[PDB]
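Excluded from the calculations below are hydrogen atoms, water molecules and symmetry mates; all remaining heavy atoms, backbone and side chain alike, are included. Residue numbers start from 1 in every chain, and the chains themselves are labelled A, B, ... in the order their sequence lines are given, proteins ahead of strands.
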Amino acid sequence: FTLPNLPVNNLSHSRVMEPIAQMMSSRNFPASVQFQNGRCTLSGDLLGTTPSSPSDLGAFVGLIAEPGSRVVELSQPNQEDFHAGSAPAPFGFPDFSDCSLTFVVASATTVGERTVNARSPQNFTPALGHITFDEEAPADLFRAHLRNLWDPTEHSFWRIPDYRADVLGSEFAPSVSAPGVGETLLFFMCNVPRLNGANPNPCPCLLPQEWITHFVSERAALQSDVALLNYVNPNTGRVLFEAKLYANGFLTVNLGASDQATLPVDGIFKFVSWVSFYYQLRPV
Amino acid sequence: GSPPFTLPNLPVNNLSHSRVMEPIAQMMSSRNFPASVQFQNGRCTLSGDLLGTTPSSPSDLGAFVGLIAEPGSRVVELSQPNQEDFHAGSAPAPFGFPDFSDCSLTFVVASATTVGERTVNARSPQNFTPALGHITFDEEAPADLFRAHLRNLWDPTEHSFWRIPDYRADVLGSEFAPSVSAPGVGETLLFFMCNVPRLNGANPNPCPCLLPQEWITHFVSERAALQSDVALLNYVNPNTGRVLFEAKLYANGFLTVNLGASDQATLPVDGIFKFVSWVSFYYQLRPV
Ligand SMILES: [Zn+2]
Ligand SMILES: [Zn+2]
Ligand SMILES: [Zn+2]
Ligand SMILES: [Zn+2]
Ligand SMILES: [Zn+2]
Ligand SMILES: [Zn+2]
Ligand SMILES: [Zn+2]
Ligand SMILES: [Zn+2]
């Protein structure tokens, strides 16, 4: 079993297309999260809306329902049809809430911005295969990229929106929490552009995109439920701290007596050995 | 101690473009494509040596970090996309900076206080000077430090994605990624394609690149030793295991195919490239 031999500050975020800027763990972070993007088992099984093609992250493909409408019918980001009820949303669709989403929108004839209100039950219904922009949709087939958040809150990057679908369905990526005693989830962080509202940043994710991609490529056999990792200084080889990588695709650390930790991103995670659920991590 | 050479086990339609942050949509080769190209992004040796402006962080592709030179100015001083200083002459441009020409480049720009659009005229010798460590927007720069990512091209041409711009620097300099052409007789370069947003002018699409981003990333991680200058590859149907065609993967980071009697080919992207064997420059490819 292996990880890519790359420093964290060369890795990319997995819920938005941005480089990973920070690494954080905290007892004041939510104990459980249910991100739909950036979700993959160590054996390379993608979960939720995690796109098979990484560049589809935060993107979608839409077509106006009828001339002059604000309503767009959703496809998969590879222009293949989106089957309603098959998933919370088309693959790569943003899993943010408590805000409006402003997308850059590009068709054969136009480039501009459109905004969808994720607070609106009427407009935000991706599981049904269509959403309603705040403005009139472009006349033709377009590709959209998430550009910024409008009027977000502190909860925007931590709580998934109402997809107009039951979150306990098998099509959803399941909730994640640190199972080990005293353990807390390790999050990869970046900042996302936003206008008005309150500061949503930082944006957390469980896994780097490169790790997810690697897992899918390797399809490694797991000899245990938990992989032990050392965070190592690439120049000296010295260990800064150890973490456990659980089979369902997340990292935890032992904060020990501490309630918080902001970790340097110039190190490299290395696979040490296979350990068990009960392995007790040395405090950060 | 160097590991053997390997490729990621992923179909092409799950791979990402390496000159713009887009999924690879098509795979094409043609005798009517330019015989040589000198892309500065998406350049990497099989042993994991990055070339040109190819960013160590993939998310920096088509991005840059800038600061306005003085209050009210259109001129922005360029940094590296991780804010380390950009020393002029070290490279054609800061890492990840777009290598497109014959157009204007419209970026989405985000600072602590603003999100908007800024445009640089790449046809302008005075305004497009990234090698000197600054460029001049069409509009007044944001008041504070910003990050920009490529949004669309304005008024491009058919050559926009094929010819690199004038960085205001000697393109034969050692800091440039060298020109690339199919070395074998009758061979043509295999290009990975996607579409890029554009307004007005003439259609520049599709946008070519030599290597998938994931391959480049994989090469950097592995730092593999090569047993020869050329790796033979089979493009295989992952479901059935059958070979669709074979291609040559050269050490300096590009693929070629034999189109045979054909002058053009658009190839399916649902297959997977598999490492076959080590061959030489003179290996003769079975026609696609
Ligand atoms: Zn279908
Ligand atoms: Zn519908
Ligand atoms: Zn796009
Ligand atoms: Zn400590
Ligand atoms: Zn410096
Ligand atoms: Zn604007
Ligand atoms: Zn011409
Ligand atoms: Zn890999």
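- Between A:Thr110 and B:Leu199 the shortest heavy-atom distance is CA-CD2, 4.2 Å.
- Between chain B and the residues A:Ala106, A:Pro54, A:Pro7, the largest count of heavy-atom pairs under 4.5 Å involves A:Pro54.
- For A:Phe91, the CZ atom sits in a loose shell: 12 or fewer heavy atoms of surrounding residues, nucleotides or ligands are nearer than 6.0 Å.
- When heavy atoms are compared at a cutoff of 4.5 Å, A:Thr109 approaches chain B solely by way of its backbone atoms N, CA, C and O.
- For the options A:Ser107, A:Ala108, A:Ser53, heavy-atom pairs under 4.5 Å to chain B are most numerous at A:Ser53.
- The 12-atom threshold is exceeded at CD of B:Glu139, counting heavy atoms of other residues, nucleotides or ligands nearer than 6.0 Å.
- Looking at A:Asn191, there are no atoms closer than 4.5 Å to chain B (heavy atoms on both sides), in backbone or side chain.
- With contacts defined as side-chain heavy-atom distances shorter than 4.5 Å, the pair B:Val108/A:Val104 qualifies.
- In the displayed structure, A:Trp150 atom CH2 is contacted under 6.0 Å by at most 12 heavy atoms of other residues, nucleotides or ligands.
- Closest approach of B:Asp60 to A:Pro19, counting heavy atoms only: OD1-CG, 3.8 Å.
- Screening A:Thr2, A:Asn5, A:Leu3 for a side-chain contact (heavy atoms from CB on, under 4.5 Å) involving B:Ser221 leaves a single residue, A:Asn5.
- Comparing A:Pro51, A:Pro4, A:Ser52, A:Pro193 by heavy-atom pairs within less than 4.5 Å of chain B, the highest count is held by A:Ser52.
- Neither the backbone nor the side chain of A:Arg219 comes within contact range of chain B; no heavy atom of the residue lies under 4.5 Å from a heavy atom of that chain.
- Using a 4.5 Å cut-off between heavy atoms, B:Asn13 contacts chain A through its backbone alone, with no side-chain atom that close.
- Here B:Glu214 contributes atom CD and A:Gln209 contributes atom CD; the two are 8.0 Å apart, rounded to the nearest 0.5 Å.
- In this structure, no portion of B:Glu222 lies under 4.5 Å from any heavy atom of chain A.
- Between the side chains of B:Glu22 and A:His145, at least one donor N or O lies within less than 3.5 Å of an accepting N or O.
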